[PDB]
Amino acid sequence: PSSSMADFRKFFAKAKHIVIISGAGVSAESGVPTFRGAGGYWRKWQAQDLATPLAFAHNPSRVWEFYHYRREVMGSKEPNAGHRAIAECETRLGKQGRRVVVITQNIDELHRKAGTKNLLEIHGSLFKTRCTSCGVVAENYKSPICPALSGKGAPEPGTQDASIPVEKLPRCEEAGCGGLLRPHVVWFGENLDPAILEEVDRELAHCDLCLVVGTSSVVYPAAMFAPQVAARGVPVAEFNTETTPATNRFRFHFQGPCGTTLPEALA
């Protein structure tokens, strides 16, 4: 795979429709905890233990504690130079009639905070709720999301369950509903929104340049998206930290934190 920034920049100058697939490394560069890899725990659990329908069914208080913590932590977090380069790229290109879309697996909204408008959040958002009775999706930035969760969700091992009664967990405020809310995020074992995937397929079909940032391209989610772009002859450029491996039938690979390489690539 080429690591020629100048060659990349020649494609970038001429590209009219860029798809940017954003993975977990973009969030990790802002210090956002993911509770996934080695060492990444909340109390005695990882995300694969708590971000499941079964976990929520059996202990909705514990799952709400986990997502309440993740909401509140964001008050100490900021977009990084990678987020900023991506947003500035969209803004500048949009005034030229050129399209930039960000397809992200990240749920912490830092792309939005940085100014990205054309955003597909394929795993949902920490700052949206979904009613488990009526299905309504709502924005929710309230600190705390409900009074019973104030001071709850502490991450330290040994912290006891809050065991909030389900009636005091976040509830739907649509007139005549009152159901129990869940976080509007995709759980392990769940389907991605087909309408989201409808929009993703349209962007992949039409783009003339594809970036994979903060993730590997040979793994989910980018492995679902990049192959068919590359198969069309569209250049695929990967920006990530792991020394290729990932092995790439793709055009470019730039090693390093994306906050180091993207400001230059997307200038």
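Residue indices: 1-based, along the sequence shown. Definition used throughout: the rigid core is the maximal C-alpha set that superposes within 1.5 Å between two forms.
- Each structure in 8 other deposited structures of this protein is fitted to the shown form on the rigid core, and of 83-91 and 155-163 the C-alphas lie farther away on average for 155-163.
- With every structure aligned by its rigid core, 72-80 is the stretch of 178-186 and 72-80 whose CA positions lie farther away in 8 other deposited structures of this protein.
- In this crystal structure, the stretch out of 63-71 and 40-48 whose C-alpha atoms carry the higher mean B factor is 40-48.
- As recorded in the PDB entry, 191-199 is the stretch of 166-174 and 191-199 with the greater mean C-alpha temperature factor.
- Among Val234, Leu211, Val26, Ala55, the highest C-alpha B-factor in the deposited entry belongs to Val234.
- Among all modelled residues in its chain, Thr159 ranks in the middle third by Cα B-factor.
- Ranked by C-alpha B-factor against the other modelled residues of its chain, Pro33 falls in the middle third.
- Among all modelled residues in this chain, the alpha-carbon of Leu262 has a temperature factor (C-alpha) in the lowest third.
- Sorting the modelled residues of the chain by their CA temperature factor places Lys95 in the highest third.
- When all modelled residues of the chain are sorted by CA temperature factor, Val19 is found within the lowest third.
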